[PDB]
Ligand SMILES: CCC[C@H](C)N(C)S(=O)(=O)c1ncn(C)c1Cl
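Single chain ahead, written as structure tokens, the form deposited without the named molecule.
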């Protein structure tokens, strides 16, 4: 059923799985009208579909045209997400389709389950983990491609860059969730940490900086300090 800290290691076994996060599918900018009412304007969004083992991210860009003339957008967003994940599974070769898809929000279960009726042998699971995938739009290259898109588009990334050459997927996922949690709790400080030292660059084909192993330790320590900090700043401790 639900994925939590007891079966956390299942994420890195050899059964193909995908996380699906829908937080950034429907995104708006609430503003005042001339009559002094309030109105939203939509902006491009994305579905965050991630293989936690390999790091393959299928970033489906949601172009604002997909909302035109539509009612109840927040509900539509869930079905839109489900349709696009389903279209994605169907595009994949059989030996590449997931055996499980884990949704990060329980409201996605039914939409996805319905769109996946053709795939009875693929389990749709929730999770109790409070994963920080909403902060994916705090990654500059991802945010950039989303905002520039002029039509629906799928863009493939590895969110681990080359890290699996040196570390395990368990450790790569941990680093990733720590980076994202930091970006979610204090984007400014987090970005300062990552980019403070001009000599550490982001390769054209990567999302994060080229940190030596020792530098990743320093960085990881700085992100944990920031998360404890903001937790204190928040709760006063």
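Residue numbers count along the first chain shown, from 1.
The following text describes the form solved in complex with the named molecule, which does not appear among the structures shown.
For residue 51, a non-hydrogen atom is located within 4.5 Å of the named molecule in the entry with it bound, even though that partner is not displayed.
When contacts are judged by a 4.5 Å heavy atom cut-off, residue 92 counts as touching the named molecule in the entry with it bound. Contact check for residue 147: no non-hydrogen atom falls within 4.5 Å of the named molecule in the entry with it bound. Residue 156 is the only member of 124 to 162 with a non-hydrogen atom no more than 4.5 angstroms from the named molecule in the entry with it bound.
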